[PDB]
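Coordinate inspection notes
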Amino acid sequence: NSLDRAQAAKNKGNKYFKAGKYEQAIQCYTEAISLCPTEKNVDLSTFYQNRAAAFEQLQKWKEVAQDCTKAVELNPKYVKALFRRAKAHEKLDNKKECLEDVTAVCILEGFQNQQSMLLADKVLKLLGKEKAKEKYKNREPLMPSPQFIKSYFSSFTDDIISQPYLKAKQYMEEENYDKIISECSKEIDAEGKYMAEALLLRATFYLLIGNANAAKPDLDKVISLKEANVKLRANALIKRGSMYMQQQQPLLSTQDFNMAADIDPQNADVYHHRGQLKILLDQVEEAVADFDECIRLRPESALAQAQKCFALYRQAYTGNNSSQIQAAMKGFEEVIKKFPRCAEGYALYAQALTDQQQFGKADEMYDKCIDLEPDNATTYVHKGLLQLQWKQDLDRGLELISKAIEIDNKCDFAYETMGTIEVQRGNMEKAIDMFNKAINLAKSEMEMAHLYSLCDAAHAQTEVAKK
Amino acid sequence: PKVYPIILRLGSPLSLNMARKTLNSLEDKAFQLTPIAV
């Protein structure tokens, strides 16, 4: 009798649950919970989790939550109760409590079940965006590294701003970068001799600082203004086309990048920045054609030939044709022997080697970059990330990225990387400190929303480690 | 696999943008390959 009456009452719950008679089902589960022989250590957690299932059908999310908590207190590793409690939290907008319960579920399922994984990812994205927008409203307009700004403007050839705003140009060539906005803002409210391009220099430093909302009116004016040099109109459409890609608006981005190639068809910068975008969007065939148009306009360039070779590698590698992949690999050595001082030739080749698991050769190519430019902090980061792939030797991975952070303490890619090493070492408080050092260097909501997903997963595993 | 936004760095070497496109996958495995999870 003692167990049999409770088992019978459970099945009397199940028949009414199958009938959709959910109130009568809840009464039979409540009978089972009242009748249970607790002195026999009966698995009462199952009666509570069964009762909780019916309250989803009634959509009383507080009742399904508290009947799952009863099951979890009796039985702390019971996945059904933890996942049902997570769904109830999501419906109640208890997103943090959902994340902690789903983190325990992912761990106890060995990350195998993709229903749990989808709820984790959704709730992390929502928690990420909520934290991101509140911080991004309050960020510093933090100027990036001088090595970064010189590397940035070295991307634009066919541009009156880069080549030689007239007050502002002095501070570019003297590298007093934090003055530039102020001068452009008084060279506007004047004649088109200054105004028509002071707009676009100002818009460029707003983008570099991550202030994209202030960039968009200075770009929109330069398109609208008819008498301004056609190369400024094309250059402004590269910068609007890029701004729309930070906003993840790919149709509006593509419209501008096409208008640039219609408006100024003999302009390498338009095809260069289109080519680099199309290969990140994985629209590989359009990237190769736009890089080939860079070589046609700049045939002496080492960088343009390195980039077209990487584009043919990515085209072969999004295929599976071994002959084409191997031909592309030899293509980088042909580039290196023609251009033995091309640091981006070695860096792109090292990434083709990294991707083909040729780690020991890839490592030499990263050494060659250090010989050619000791100030290039990101090579110690590409050499550190290689350690995390090259039989995962995490101990020396810290030492490399510590040297990278010592060369350039504004390399957010270095801090974000070392955060993931501290995660693999289980050192979650220092991982969260590394991700916070990366968050203080982000240029967009889209980046902060990604770094806050990492901090919240690190917190959730810290709270699951107690349990 | 998972899918992520195309988080462009502005006017950066293409090798750095392809490296951020990789670090998203090492971040994904970092929380599974840790002592708390094992």
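So, a few notes on the structure that sits alongside this text.

What counts, and where the lines are drawn
- Along each chain, numbering proceeds from 1 in written sequence order. Entry numbering may differ, and residues lacking coordinates are not shown.
- Working convention: letters from A go to chains and numbers from 1 go to ligands, in the order in which they are written.
- Heavy atoms from the whole structure form the basis of all side-chain values; hydrogens and water molecules are not counted.
- Only DSSP runs of H or I covering at least 4 residues are called helices, and only runs of E covering at least 2 are called strands; the numbering of each starts at the N terminus.
- The quantity called the radius of gyration is restricted to C-alpha atoms. Its globule counterpart is 2.2 Å times the number of residues to the power 0.38.
- Exposure is judged per residue with a 1.4 Å probe applied to protein chains only, and the accessible area is read against the type maximum: over 50% gives exposed, under 20% gives buried, and values in between give partly exposed.
- The protein chains shown are the only cover counted for residues, whose accessible areas, like all others here, come from Shrake-Rupley with a 1.4 Å probe.
- Note on charges: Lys and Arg go in the positive column, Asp and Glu in the negative column, and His and the chain ends are not counted at all.
- Where a charge lies is defined by one atom per residue type: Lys uses NZ, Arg uses CZ, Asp uses CG and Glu uses CD.
- Note on definitions: a residue-residue contact is assigned when non-hydrogen atoms from the two residues lie within 4.5 Å.
- Put simply, buried area is how much 1.4 Å-probe accessible surface two parts lose in total, over both of them, once they are put together.
- Salt bridge, as used here, is a side-chain nitrogen of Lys or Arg placed within 4 Å of a carboxyl oxygen of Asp or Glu.
- Exposure above 30% relative accessible area and no salt bridge define the residues that can form patches, which grow by joining like charges within 9 Å and nonpolar side chains of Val, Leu, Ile, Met, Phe, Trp and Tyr within 5 Å.
- To estimate how far a helix should extend, the number of its residues minus one is multiplied by 1.5 Å.
- As a rule, the C-alpha atoms of each element are fitted with a line to give its axis, helices using only the stretch in contact, and angles between N-to-C directions run from 0 to 180 degrees.
- Any angle that is under 35 degrees is reported as roughly parallel, and any over 145 degrees as roughly antiparallel; angles of 65 to 115 degrees are reported as roughly perpendicular and all others as oblique.
- It is the rotation of the near helix from the far one that decides the hand of a crossing: anticlockwise by less than a right angle makes it left-handed, clockwise makes it right-handed.
- For this classification, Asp, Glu, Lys and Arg are treated as charged, while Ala, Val, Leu, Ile, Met, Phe, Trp, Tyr, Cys and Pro are nonpolar and the rest, including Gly, are polar.

1. Regarding the overall build of chain A
Across its full length, chain A holds 25 helices and zero strands. Relative to the globule expectation of 23 Å for 467 residues, the C-alpha radius of gyration of chain A, 29 Å, shows a markedly less compact shape. The dimensions of chain A, computed from C-alpha atoms along their principal axes, are 95 × 55 × 40 Å. Burial status across chain A gives 54% buried among its 467 residues. Within the structure as shown, chain A displays about 22,600 Å² of accessible surface, and the carbon and sulfur contribution to it stands at 47%. Counting 64 positive and 68 negative side-chain charges, chain A places the averaged centre of each group 6 Å from the other.

2. Here we look at the environment of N75 of chain A
Residue and element names in this part refer to chain A. Positionally, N75 belongs in the loop between α4 (61-74) and α5 (79-91). Judged by its relative accessible area of 22%, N75 is partly exposed. In this structure, the C-alpha to C-alpha distance between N75 and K125, residues 50 residues apart in sequence, is 30 Å.

3. Details of the interface of chain A and chain B
Every contact between the two is made by 49 residues of chain A and, on the other side, 31 residues of chain B. For the pairing of chain A and chain B, the buried interface totals around 3,900 Å² over both sides, and the portion due to carbon and sulfur atoms is 68%. Of all residues in chain A, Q246, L280 and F413 of chain A give up the largest surface area on contact with chain B, accounting jointly for 15% of the area buried on that side. If you look at where chain A meets chain B, you find two salt bridges.

4. Considering a nonpolar patch on the surface
Together, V230, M259 and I263 of chain A line one region of the surface with nonpolar side chains, adding up to about 210 Å² of accessible area. With respect to the helices, strands and loops of the structure, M259 of chain A is situated in helix α14 (residues 250-263).

5. Things to note about the side chain of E422 of chain A
Residue and element names in this part refer to chain A. Structurally, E422 is set in helix α23 (residues 412-424). For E422, a relative accessible area of 4% corresponds to the buried category. In this view, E422 contacts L398, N427, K430 and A431; residues no more than four positions away in its chain are not counted.

6. Structural notes on helix α16 (residues 284-297) of chain A
The first and last C-alpha atoms of α16 of chain A sit 20 Å apart over 14 residues, in line with the 20 Å expected at 1.5 Å per residue. Looking at the buried positions of α16 of chain A, the neighbouring elements they touch are α15 (268-280) and α17 (302-318) of chain A together with α1 (14-30) of chain B.

7. A closer look at the environment of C455 of chain A
Residues and elements named next belong to chain A. Tracing the sequence through the fold places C455 in helix α25 (residues 445-465). C-alpha of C455 to C-alpha of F435: the two residues are 20 residues apart in sequence and 6.7 Å apart in space. Not counting chain neighbours up to four residues away, the residues in contact with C455 comprise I432, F435, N436 and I439.

8. Some points on the pattern of salt bridges
Any two side chains of opposite charge can pair, given that their charged atoms come close. Tallying each qualifying case throughout the model produces 36 salt bridges over all chains. Among the ionic pairs, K95 of chain A bridges to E130 of chain A, the shortest N-O distance being 2.8 Å. Highlighted residues: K95 of chain A in helix α6 (residues 95-108) and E130 of chain A in helix α7 (residues 114-136), separated in sequence by 35 residues. Overall, the relative accessible area of 11% leaves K95 of chain A in the buried class. By relative accessible area, which is 40% here, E130 of chain A ends up partly exposed. Its salt-bridge partner being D412 of chain A, residue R9 of chain B comes within 2.8 Å of it at the nearest N-O pair. Residue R9 of chain B is located in the segment before α1, and its partner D412 of chain A is located in helix α23; the two belong to separate chains. Given a relative accessible area of 14%, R9 of chain B falls into the buried group.

9. Regarding the side chain of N17 of chain B
Within the secondary structure layout, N17 of chain B lies in helix α1. Apart from the residues within four sequence positions on either side, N17 of chain B is in contact with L280 of chain A together with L8, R9 and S12 of chain B.

10. Topic: the packing of helix α18 (residues 322-338) of chain A against helix α19 (residues 343-355) of chain A
All names here are of chain A. Across the interface, α18 lies against α19 with an axial gap of 10 Å and an inter-helix angle of 160 degrees. Classified by the angle their axes make, α18 and α19 are roughly antiparallel. In the packing of α18 onto α19, the handedness of the crossing is left-handed. Of α19, the residues touching α18 (which contributes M329, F332, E333 and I336) are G345, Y346, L348, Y349, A352 and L353. Looking at the contact of α18 with α19 residue by residue, the classes come out as eight nonpolar, one polar and one charged.

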